[PDB]
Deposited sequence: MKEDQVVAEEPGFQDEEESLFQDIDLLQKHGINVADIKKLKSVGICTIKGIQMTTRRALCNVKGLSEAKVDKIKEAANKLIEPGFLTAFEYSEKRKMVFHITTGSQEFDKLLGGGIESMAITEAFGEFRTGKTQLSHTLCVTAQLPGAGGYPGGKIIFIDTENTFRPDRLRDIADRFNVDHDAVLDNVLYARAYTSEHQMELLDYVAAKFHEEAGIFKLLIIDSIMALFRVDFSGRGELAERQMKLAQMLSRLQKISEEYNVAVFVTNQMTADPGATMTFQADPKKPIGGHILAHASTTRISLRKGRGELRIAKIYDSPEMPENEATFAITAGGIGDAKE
């Protein structure tokens, strides 16, 4: 899987070290990057930059699978529960494993509360044979109170050391620091193979919208979101991890980011408020599920019924 099986095909050891310096840590990463981007590194000319693909084509089929064989391949996709059974019923088992899930709401609809339950409920063996692993959290506003996890660790009856130890945390201060933080996401996913299960960005555009205030330069923000919306989709397919992002709204309402975020998101969940601690969850833009509604109440312990 890693860049070590290419040595027994023709590729020398002087190119392997330079290949891992750019970011490529997997064999699927060589087939996910174009030749133009591979020729932007000093030490590998076109002649030698095309020879690595020849050895990368004899490892995996560049062919056409039958759709019956593809359903056998799509049984490694897991599903992470939310904490409430009516809401998992809405998403069709929970949060998908090779996709990007978005949630947007007004201001108190429970977007940080949904992300705090997933830091606990994804370390627990649930349905479909899902074993449970560690969790990366990237927070952009400030809202990662770790004492809130010790409320949700009690209703699942797990100890507080093993639930505060499998969560890794890093705050991005700006959108460039949000960009450079995904290098350490891949470097942590690769050296610990298969014991990371999801990745949370607390908000993708708390830092994007603020930097580019001007209307005139707005277009570039759409070639810089498009960097990390496909960077994020490629990370979820090499390492088979879920991706959960949350979004804010603007003013009679619609989320921020427009059509690029709405296209690149596989599943969007709208969140609005009911009486007291009840909230409503509708489905926008899902490939399988229809537009239905549910009801989750924010309790001491996060999402419930």
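Which bits of the deposited sequence have no atoms placed for their C-alpha?
In sequence order, the gaps with no modelled C-alpha are 1-21, 273-283, 338-340.
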